2 protein chains.
Amino acid sequence: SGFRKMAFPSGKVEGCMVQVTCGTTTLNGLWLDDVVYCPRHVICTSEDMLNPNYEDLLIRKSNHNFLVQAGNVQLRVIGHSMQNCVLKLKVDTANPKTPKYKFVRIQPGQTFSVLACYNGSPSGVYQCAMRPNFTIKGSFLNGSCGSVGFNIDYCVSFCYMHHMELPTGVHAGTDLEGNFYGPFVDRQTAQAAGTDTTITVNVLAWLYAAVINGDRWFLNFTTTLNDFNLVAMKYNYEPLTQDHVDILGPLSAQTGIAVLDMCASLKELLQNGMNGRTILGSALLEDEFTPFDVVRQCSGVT
Amino acid sequence: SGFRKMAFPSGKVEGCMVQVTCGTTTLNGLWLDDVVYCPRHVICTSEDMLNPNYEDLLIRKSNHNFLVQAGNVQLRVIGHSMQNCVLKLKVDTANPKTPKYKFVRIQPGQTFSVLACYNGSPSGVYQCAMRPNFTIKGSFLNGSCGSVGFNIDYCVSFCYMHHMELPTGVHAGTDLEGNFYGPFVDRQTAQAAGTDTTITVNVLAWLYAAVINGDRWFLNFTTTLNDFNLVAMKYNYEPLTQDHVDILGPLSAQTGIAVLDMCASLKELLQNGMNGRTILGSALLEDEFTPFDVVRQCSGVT
Ligand SMILES: O=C1N[C@@]2(CCc3ccccc32)C(=O)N1c1cncc2ccccc12
Ligand SMILES: O=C1N[C@@]2(CCc3ccccc32)C(=O)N1c1cncc2ccccc12
């Protein structure tokens, strides 16, 4: 029994983390085969970050201007190019620790594990979700740039590289092809995220995890997808699609509660609050577990 | 910025996880050098667990009755002994992936990372605390027995091996010398944990993490260690010692708030509740961060 915010084991990603230095700036990079991936703003001084012309700034740079360090070893840069907001530094050594991997662009609401790093060394791992407004609420200090987010599908699917913190204190970054998630650019200006919404299909997945673990005080009614969605829009919950009802099916089958019945329970929680109770140790509705996360934890995928 | 329940990177422990089989039972073991460590109840059938005589049960067993598997490799058992509630199976191969390590018995209130495993394969990692009543609120399914908890001090300090779930749904286990934490025995009977209490020094550490991250709405008064402790005992908070005030000193020095001032803020939160607000995204007072955890996260120890 029990339910925890669980991250994937991080061993496979640790052996890929290197420290990249250009000029005075040092951040983390991802070394797979003979390429090293890092945020392109490593080439920027602080004057540069107000209005960086990245092409122009990168043109002034040659291979030997990049100090890639792997542990104590120093790698040799024999090539550099800029794919979107990511720098690709080709080096002289294939990483012998390269796992099977894919690069993946995840969807808002999906979860992934983050290995937070500084100067190329891992410091901690945690689980989080891509918010509907394409930000993440992470834990990132200066020099954590280039820390990666990932899933393990038995193969490492890298989905996120950290670039920047917004004055909000929320975090933004790119996929491993350098395309930002969200409307953000790698520049030090005022950038607004959208209004955030709650991942409704994830909250329902968690209520099922709650029932699986003996927490059932919130159950009861029914409602319609259409009727439920009217309550959700009022509470800044993201609208429940039928894909979403389908994804919850196996969870429905193992608790013997129809999705639509579970939504009626949620509607009452949204309308009436929690009246001081807790669900799985939380006094709030938790939205950072996908249905796949719940099933992975509640039957032990390794 | 940002604050997350962060676990240590798990790479070093993954390369130590093996699958141990005796009879029909299969659980996880810890392979360091030429010894493999696992819960001794691996030798038990289900009839045995009501009233196991472990010496007698282990006497019927010979080395070849133990199937230790490391990945696909099968290790050769050339020795077996029982230290308290742990079995020590000596094998023919030193593990080439053995990190620098120590065995450590932690104290109630300390935190550690758990690598949850099944059949010798890692599935997830999470951070938790030894409760004052020596239980842990984990996430453990059948066959997760022998999963280990650990800290990384730059060296892996193993502090916990999981043995059993109580009807509560909370979890109990031993140090790596096989001595249970708490009053528990490895037997399937009714076993009561103590009344649980809140780790007061950890809650204060979290309020400091809250201030560090811009959440300051709860600040204000003063009070005395003696006066504060009177409020704590009423709310089932563990009493604040002067060691505890000392440990919080560096946190005090960097936020410019005296410990005793922070306690006055907490007293009012305990007495008056949170009135619907949140602190660092939580609607409850969080007690699973030590002051060392807060300092590790808020300045990036790797
Ligand atoms: O937030 C930013 N803006 C910076 C400088 C401006 C910029 C432009 C493009 C990309 C990143 C950045 C940057 O390097 N970071 C950081 C990212 N993560 C954690 C941080 C913790 C403390 C201070 C900065 C942090
Ligand atoms: O709780 C127990 N009691 C058992 C059998 C009785 C016993 C005696 C000594 C030690 C352990 C045990 C056991 O193997 N476990 C488990 C431990 N962890 C997660 C579990 C999830 C689901 C079912 C069991 C779980």
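Just so it is clear, the values below take in all heavy atoms, side chains as well, and ignore hydrogens, waters and symmetry mates. Counting starts at 1 for both ligands and their atoms, following the listed order. Per chain, numbering begins at 1; letters A, B, ... match sequence-line order.
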Original post:
Which residue pairs satisfy the salt bridge (charged side-chain N to carboxylate O under 4.0 Å, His left out) criterion with at least one member in residues 175-188 of chain B, sequence neighbours excluded?
Top reply: B/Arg40-B/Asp186, B/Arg105-B/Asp175

So [X] and [Y], would you call those rings parallel, tilted or perpendicular, with 30° and 60° as cut-offs?
X        : Y        : value
B/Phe184 : B/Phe180 : perpendicular
B/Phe112 : B/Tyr160 : tilted
A/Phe140 : A/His171 : perpendicular

Pairs under 3.5 Å, nitrogen or oxygen of ligand 1 with protein nitrogen or oxygen:
unit_1   : atom_1 : unit_2   : atom_2 : d
ligand 1 : 1 (O)  : A/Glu165 : N      : 2.6
ligand 1 : 1 (O)  : A/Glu165 : O      : 3.0
ligand 1 : 18 (N) : A/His162 : NE2    : 2.8

Subject >> Salt bridge flag under 4.0 Å for residues A/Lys137 and A/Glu165 >> reply: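 No, A/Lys137 and A/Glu165 are not salt-bridged.
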
**OP:** Walk me through it: do B/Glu288 and A/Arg4 pass the test salt bridge (charged side-chain N to carboxylate O under 4.0 Å, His left out)?
**Re:** CA-CA 13 Å; B/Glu288 304 218 338; A/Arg4 281 273 177 191; 3.2 Å; yes

